[PDB]
Ligand SMILES: [Zn+2]
Ligand SMILES: [Zn+2]
Ligand SMILES: [Zn+2]
Ligand SMILES: [Zn+2]
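Structure representation (structure tokens):
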């Protein structure tokens, strides 16, 4: 197991970034349960969102794999919790390490972009009727992210 | 004084090289009284030789100046103690430090080159009659370097 | 060495399924798109040539246990079929009957399983069996 | 700022001496080649033209103290000469008599000293003095 | 094991057999610090070590300390 | 004039001449409703219409009616 | 072997940047503080450390955050890397890495992992700190 993994974990453990919780699984070190507090003054805010992070052995060569385990309303997160963030795909560079990624996700909620977001339907509403969409997001948060 | 000079001085004080002894002068910091033990299986060997080192301001830029204060029989060292070593003239690199030079001179004792030489008379003797020269060198050591 | 959590492994399977594979004679994919747990899956087998199965489509249902892929997944046909290992009443496959299910390895994937079944249809004991009229189910 | 130690300084001079300088009317060098301490220098001056000195050759002994170049060096003629500042008995030069020796500075070197002496020979008070017959020497 | 003290005065440690040629060692130094061996001169007991000979030849042993200077011709 | 239609509901009416390219047409739709030209897939007469060709080319004429299907995105 | 310094004037890293100098490195891998190397270049045209003939613009600045060095990719410290027999390396963009990680980072993309500047096998060389 590469030294790096521990360290990153360790500082993660030793120090926690605000608005986030990251617990490694006991069975496997490379696997993580992460809980993200919704951005303040975001419709999500007040909700808590589960994610799971895993890193292929190839990491950092290979970007980590991240997914939402909590159902959430957003253009860039699909029905299965799959996130479309570019730093996970094309833009991935080894230096970045998890801690960063996580914050990057935190931002995304705050800053929804319709940029080939997978869910055009989410996209469609968000461009057409942002007000509505935002309301729906809050709804789902209530429904799913309050427990 | 330039920092480097101090470190070098300070560094010399901190950790002695063996068979090489170097004490700065009281009146001038940039001036040094130095003692070199003759290298092993030299004719000089088990000998003690006084040298004096001064460094011009431009140093490191300008090479240090070194001279023998002890009379010694060698092709490169003339009658007045003037050493003809190339790193003191042409090949001077600022990266070289006093401690290095010193060892270089010590080394030079082991390997005299009369191929081209300063003290021509000796050189002639050394190429023509190495055996003799070596003996004379030991002689002079006895005569001059044992006190 | 390297342990791959279920869900991520399931995703890996899913992505490959969508891509489709090779001949495309067998295919898999998810039963319901709103399921986060990726448990309920649908499979398709195409009946191998020059056997009573040939030129026929069989749909399967596959469930993936919490300890998938460590434990093998439960499988059953939805289209009617006569076959060794395949319970006729239920269209459920007895684990032990089938070598891969019996000998399950965490490495095996659904894809493997289906080929397995497809492969198995061609075997002499099966290829001979009479089959029902097209399009009945349990 | 930067103060040079004696020993290296003397070599500088020495080298310059061997190179020779200017019109070669003054010349200096170690009295002996075996002395590491560089204590004693021989100097030589040529008597300047149009003076009783002209076309005469004067040898000097110069001693260089441990204190030098801060302190001025001691200077003597070996060749006999009539000249102000020059002690007639001993052929020694009184420090104070001569401006450079009196007003000495580290920057000054044997070369300058000699030149000074040469120039001085040309001064009125000196130039007309009659000289002893060529080739006499003070005792020593 | 052998301690070579570099140009800057830092000690670096090497792994070797007394059989090893000087030339061979110089390569190991080049590797660590990036000086071509032509340019390296190696000193022990106030003596410059020559390429063809072995560490054993000069009776350098386990944990002996080596001093490195720049190739000089003198002259 | 011609009418363009959706899976959705809305009928949109355009002003075009038979020379007009398919690309050209898609732009007009893009302008009215905000869907980019590469997203749009357009169907008439049991055929998918291609960019280089003209309306005359497909013999669409008389205030004919067209169906718009939009690509779902799954990058 | 420890915090970086410039072997000419013998300052530490802090001390070097503190007074508005750069840290830079030759094409031969030897590191210096930019003043000192410029001044050396004033008198000859050879690496002060190995004598390589550089003749200008065969050097560039490098960037390192702490003064001690560590490859950001694998997250190793100097000792660890060396003892493994790997090399410390810099891109021409001034960005530093252990040889191994970088080698492998190129196998996928041809861009620097810190900044993105285009690169290839040629464009990086070892440094000896
Ligand atoms: Zn410097
Ligand atoms: Zn170099
Ligand atoms: Zn690395
Ligand atoms: Zn870069």
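Protein chains in written order, with my numbering: chain A, 6 to 152; chain B, 6 to 152; chain C, 4 to 141; chain D, 1222 to 1361; chain E, 977 to 1051; chain F, 977 to 1051; chain G, 15 to 143. Cβ atoms here follow ideal geometry from the backbone N, Cα and C, with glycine treated the same way.
{"Item": "Using a C-beta to C-beta distance shorter than 9 angstroms, which residues of chain G count as neighbours of residue 983 of chain E?", "Value": "21, 63"}
{"Item": "Using a beta-carbon distance below 8 angstroms, is residue 986 of chain E in contact with chain G?", "Value": "yes"}
{"Item": "For ligand 1, is there any heavy atom lying closer than 7 angstroms to the beta carbon of residue 49 of chain G?", "Value": "yes"}
{"Item": "What separation, rounded to the nearest whole angstrom, lies between the Cα atoms of residue 105 of chain C and residue 120 of chain A?", "Value": "47 angstroms"}
{"Item": "Compute the minimum distance between the beta carbon of residue 44 of chain G and the heavy atoms of ligand 2, and state whether it is under 7 angstroms.", "Value": "yes"}
{"Item": "Are at least three pairs of beta-carbons, each pair with one atom in the region 81-89 of chain B and one in the region 132-143 of chain B, less than 8 angstroms apart?", "Value": "no"}
{"Item": "To which residues does DSSP link residue 43 of chain G through a beta bridge?", "Value": "Residue 43 of chain G is not bridged to any residue."}
{"Item": "Using the beta-carbon of each residue, which ones in chain H are nearer than 8 angstroms to residue 1017 of chain F?", "Value": "No chain H appears in the structure shown, which is made up of the protein chains A, B, C, D, E, F and G."}
{"Item": "Does any heavy atom of ligand 2 sit closer than 7 angstroms to the C-beta of residue 40 of chain G?", "Value": "yes"}
{"Item": "Enumerate in chain order the residues of its own chain whose CB-to-CB distance from residue 91 of chain C is below 8 angstroms, with the five nearest sequence positions on each side excluded.", "Value": "85"}
{"Item": "Inspect the CB distances between the region 107-120 of chain A and the region 40-58 of chain A and report whether three or more fall short of 8 angstroms.", "Value": "yes"}
{"Item": "Below 7 angstroms, is the gap between the Cβ of residue 84 of chain B and the nearest heavy atom of ligand 4?", "Value": "no"}
{"Item": "Flag residue 109 of chain C as yes if its beta-carbon sits less than 8 angstroms from any beta-carbon of chain A, otherwise no.", "Value": "no"}
{"Item": "For a minimum of 3 consecutive residues, which ranges assigned as the beta strand (DSSP E) are wholly contained in the region 1238-1290 of chain D?", "Value": "1247-1251, 1261-1267, 1278-1284"}
{"Item": "Measure the C-alpha to C-alpha separation of residue 36 of chain G and residue 28 of chain B and round it to an integer number of angstroms.", "Value": "35 angstroms"}
{"Item": "For my contact list, residue 1012 of chain E and residue 64 of chain G are in at a C-beta cut-off of 8 angstroms; report their separation, rounded to the angstrom.", "Value": "7 angstroms"}
{"Item": "Would you please verify whether the beta carbon of residue 74 of chain A is less than 8 angstroms from any beta carbon of chain C?", "Value": "yes"}
{"Item": "Is the beta carbon of residue 61 of chain G within less than 7 angstroms of some heavy atom of ligand 1?", "Value": "no"}
{"Item": "Take residue 102 of chain G as the anchor and find which of G:26, G:57, G:45 has the nearest alpha-carbon.", "Value": "G:45"}
{"Item": "Between residue 9 of chain B and the rest of its own chain, which residues show a CB-CB distance below 8 angstroms, the 5 nearest in sequence each way excluded?", "Value": "65"}
{"Item": "Given a cut-off of 8 angstroms, decide if residue 10 of chain C and residue 134 of chain C are closer than it, judged by their beta-carbon atoms.", "Value": "no"}
{"Item": "At a cut-off of 7 angstroms, is residue 141 of chain G close to ligand 3 when judged by its beta-carbon and the heavy atoms of the ligand?", "Value": "no"}
{"Item": "Where do the ends of the alpha helix (DSSP H) carrying residue 126 of chain G lie?", "Value": "Unbroken run through residue 126 of chain G: none, as it is neither H nor E."}
{"Item": "Please determine, among E:1042, E:1015, E:1029, E:1040, the residue with the shortest C-alpha to C-alpha distance to residue 998 of chain E.", "Value": "E:1029"}
{"Item": "Looking at the structure shown, is residue 147 of chain B part of a helix, part of a strand, or coil, going by DSSP?", "Value": "helix"}
{"Item": "Within the chosen definition, does the region 93-108 of chain C reach the region 13-29 of chain C through at least 3 CB pairs nearer than 8 angstroms?", "Value": "no"}
{"Item": "Note the first and the last residue of the continuous alpha helix (DSSP H) segment covering residue 15 of chain A.", "Value": "8-19"}
{"Item": "So residue 72 of chain B is in the beta strand (DSSP E); what residue range does that whole segment cover?", "Value": "70-73"}
{"Item": "Check each residue of the region 1007-1038 of chain E: if its Cβ is closer than 8 angstroms to any Cβ of chain B, include it; give the result in chain order.", "Value": "1017, 1019, 1021, 1022, 1023, 1024"}
{"Item": "Run the CB neighbour count on residue 979 of chain F, radius 10 Å, all protein chains shown included, and call it buried at 16 or more, exposed below.", "Value": "exposed"}
{"Item": "Flag residue 1048 of chain F as yes if its beta-carbon sits less than 8 angstroms from any beta-carbon of chain A, otherwise no.", "Value": "yes"}
{"Item": "DSSP three-state call for residue 106 of chain A: helix, strand or coil?", "Value": "helix"}
{"Item": "Pick out whichever of B:38, B:109, B:150, B:83 has its Cα sitting closest to the Cα of residue 60 of chain B.", "Value": "B:38"}
{"Item": "Would residue 32 of chain A be called buried (16 or more neighbouring beta carbons within 10 Å of its own) or exposed?", "Value": "exposed"}
{"Item": "If the cut-off is 9 angstroms on Cβ atoms, which residues from the region 128-144 of chain B count as contacting chain D, listed in chain order?", "Value": "none"}
{"Item": "Considering only the alpha carbon of each residue, which of E:1022, E:1004, E:1037 lies closest to residue 22 of chain B?", "Value": "E:1022"}
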